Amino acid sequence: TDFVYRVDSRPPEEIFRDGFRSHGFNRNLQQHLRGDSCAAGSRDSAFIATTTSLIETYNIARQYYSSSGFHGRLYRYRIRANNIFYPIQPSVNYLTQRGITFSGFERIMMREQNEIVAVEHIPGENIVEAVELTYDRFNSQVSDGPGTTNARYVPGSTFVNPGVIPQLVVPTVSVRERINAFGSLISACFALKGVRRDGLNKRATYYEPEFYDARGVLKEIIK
């Protein structure tokens, strides 16, 4: 019933199989929502970002294809959410009368992501299909290429977990810090480096776009 998305460079072949993995087991939610734990800093977040927004997936894809640096391909992956997918709001409430503060600017950021987080692992059997995204510089527009169906997909009438993320880390030192973003105020957790990547070929590299502090950008569009 509740479906979500994630853009990735790895072939339908591979993630139908493997799914998506978090960097680690750190459940400091604020640290993940800042794109620190999941992307920019010590990559160890317990969470995998997904979005309910088709439009957002196209905005993510644009940030790679639009660079001559990016040699890969991209696919939009459609995923069925269930009792290990969580929306952030109930966890935020849970944290905020435990003294943890979320700034207005953080809440603006979160509100732009349409995000649902998954803990630790998203099995390949929750991934319905894959659509190859094609870039065209002719008019600089992203298009849907061929559509791949996961034969291994397991049907199901299941929705997002409406409660709080379990064993949430509640910090002793909550301060205001950089909000790592890219593109049009896209959280860094949505970038390729948001999940564990493949690393057996030690010579290989791939293109990540320009990241920035959202605090600066938000300061410039709010006043």
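Quick note: we count residues from 1 along the sequence shown, nothing fancier.
Comparing the deposited coordinates for 175 to 183 and 156 to 164, the stretch with the larger average C-alpha B-factor is 156 to 164. The deposited model assigns a higher average Cα B-factor to 145 to 153 than to the other stretch when 105 to 113 and 145 to 153 are compared. Split the chain's modelled residues into thirds by C-alpha temperature factor. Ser42 is in the middle one.
Annotation for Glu220: CA B-factor lies in the lowest third of the chain's modelled residues.
Per the PDB record, residue ranking by Cα B-factor puts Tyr212 in the lowest third of the chain. For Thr51, the recorded CA B-factor ranks within the lowest third of the chain. Only modelled residues enter the ranking. In the PDB entry, a CA B factor belonging to the middle third of its chain's modelled residues is recorded for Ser67.
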